[PDB]
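Each residue of the sequence shown is one higher than the one before, counting from 4 in the UniProt record's numbering. Structure first, then comments.
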Amino acid sequence: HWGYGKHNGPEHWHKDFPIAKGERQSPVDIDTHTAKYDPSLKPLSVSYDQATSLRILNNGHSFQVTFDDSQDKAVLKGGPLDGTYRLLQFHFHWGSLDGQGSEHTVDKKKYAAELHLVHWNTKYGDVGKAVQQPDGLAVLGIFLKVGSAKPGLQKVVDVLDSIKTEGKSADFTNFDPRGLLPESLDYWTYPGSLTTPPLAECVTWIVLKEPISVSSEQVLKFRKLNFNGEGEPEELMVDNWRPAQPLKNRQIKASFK
Ligand SMILES: NS(=O)(=O)c1cc(NC(=O)Nc2ccc(C(F)(F)F)cc2)c(O)c([N+](=O)[O-])c1
Ligand SMILES: NS(=O)(=O)c1cc(NC(=O)Nc2ccc(C(F)(F)F)cc2)c(O)c([N+](=O)[O-])c1
Ligand SMILES: [Zn+2]
């Protein structure tokens, strides 16, 4: 199946997932001079104090931390969104070198990694229904640059040895995702898609302007994960990012001047 290699990477995905060539695909390059300030946008409302993390897992293309989404415990509201969206999981995309790894770019600048917090619209009842709707998901995207360490990330870093290969999972309770947020919640937003198969065009993207800083030692440990399963030849999990897609007839809106 699909992946990020020469023979099964993003340039191949359209053969199995023809929506890869669709009209609202992600990621995109954010041109800061053509983004449109929109004064009708509201501040984001991030309510994560009651979040219940469950598991951390290596799914063969990234690693994810999952949350209990059976109640309104960790929700995203406001911004460009109508309604309440529940946090389901977060995961990262990263590079083999510090100058690549993010999926979105800003004036063509690539960051070392990108954090995606995936939320789904509770009006649709479960996440499987939400992925079939044009407003079903909201993904909060946060850029990572290399610099000072991020203390709130260290406990994710320290458990990655236990999920090195695809299919491994571990208990990962009492993790507070508020420690992954930058100080400012100013954002760009646009209508887009999942950046992995099935590439469904169901996502309101909210990309934060302010990156978080992580240390070289922290991102190094991402690069030690494996795409392969246990007992298979080692293949390092790096460069699990999709390149920017055509913007087509979309406008990126900014919440700030
Ligand atoms: N956590 S999420 O981003 O919001 C998210 C939600 C769903 N929900 C589905 O109901 N169905 C589905 C879609 C495609 C496949 C297929 F065809 F890929 F196998 C299989 C099943 C999902 O599939 C994925 N996903 O990644 O597939 C991600
Ligand atoms: N970049 S992205 O478009 O946001 C993105 C989406 C997915 N897919 C899912 O999360 N699938 C999924 C999650 C839960 C269910 C459940 F539990 F509902 F069945 C069903 C399906 C993903 O694995 C990654 N990734 O890199 O790991 C990135
Ligand atoms: Zn992602």
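We treat Cβ as the ideally placed atom computed from N, Cα and C, and that holds for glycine.
- By the 16-neighbour rule on beta-carbons within 10 angstroms, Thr192 is buried.
- Boundaries of the alpha helix (DSSP H) around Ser219: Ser219 to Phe225.
- Taking 8 angstroms as the upper bound for CB-CB distance, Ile209 and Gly82 are in contact here, some 6 angstroms apart.
- When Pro137, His119 and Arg58 are compared, the shortest CA-CA separation from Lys126 is found for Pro137.
- Rounded to the nearest whole angstrom, the C-alpha separation of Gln221 and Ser172 is 20 angstroms.
- Cα atoms of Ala116 and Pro185: separation of roughly 14 angstroms, rounded to the nearest angstrom.
- Sequence-distant partners of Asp189 (beyond 5 residues in either direction) whose C-beta falls short of 6 angstroms from its own C-beta, in its chain, are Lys212, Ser258 and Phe259.
- For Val159, no beta strand (DSSP E) run applies; the uninterrupted alpha helix (DSSP H) run containing it begins and ends at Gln157 to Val160, by DSSP.
- In this chain, the beta strand (DSSP E) harbouring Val121 covers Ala116 to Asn124.
- An exposed status is given to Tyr40, since fewer than 16 other beta-carbon atoms sit within 10 Å of its beta-carbon.
- For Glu233, same chain residues with a beta-carbon under 6 angstroms away, outside a window of 5 residues either side, are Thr168 in chain order.
- Counting only residues whose CB is nearer than 6 angstroms to a non-hydrogen atom of ligand 2, the list in chain order is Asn62, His64, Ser65, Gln67, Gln92, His94, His119, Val121, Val130, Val142, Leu197, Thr198 and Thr199.
- When DSSP states are grouped into helix, strand and coil, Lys167 belongs to the coil group.
- Placement of the Cβ of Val134 at a distance of less than 8 angstroms from at least one heavy atom of ligand 1 is found.
- For the pair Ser196 and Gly63, the CB atoms are not nearer than the 9 angstroms cut-off.
- Put simply, the backbone Cα of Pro13 is about 30 angstroms away from that of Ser56.
- Here DSSP, grouped into helix, strand and coil, assigns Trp244 to coil.
- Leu90 and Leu84 have their C-alpha atoms spaced approximately 14 angstroms apart.
- In the three-state reduction of the DSSP assignment, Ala141 falls in the strand class, which pools E and B.
- Scanning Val68, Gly102 and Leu47 for the CA closest to the CA of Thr176 turns up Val68.
- Apart from the 5 residues on each side of it in sequence, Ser151 sits with its Cβ closer than 6 angstroms to the Cβ of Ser216 in its chain, given in chain order.
- Distances from the CB of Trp123 to the heavy atoms of ligand 1 include at least one below 8 angstroms.
- Of all alpha-carbon atoms in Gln135, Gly128, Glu237 and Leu250, the one lying nearest the alpha-carbon of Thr87 is that of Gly128.
- Looking from the CA of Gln157, the closest CA among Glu237, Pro180 and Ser29 belongs to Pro180.
- In this structure the stretch 240-254 does not touch the stretch 130-149; the number of beta carbon pairs closer than 8 angstroms is below three.
- In the three-state scheme derived from DSSP, where H, G and I count as helix and E and B as strand, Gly195 is classed as strand.
- Closest in C-alpha terms to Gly8, from the list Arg58, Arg245 and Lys148, comes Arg245.
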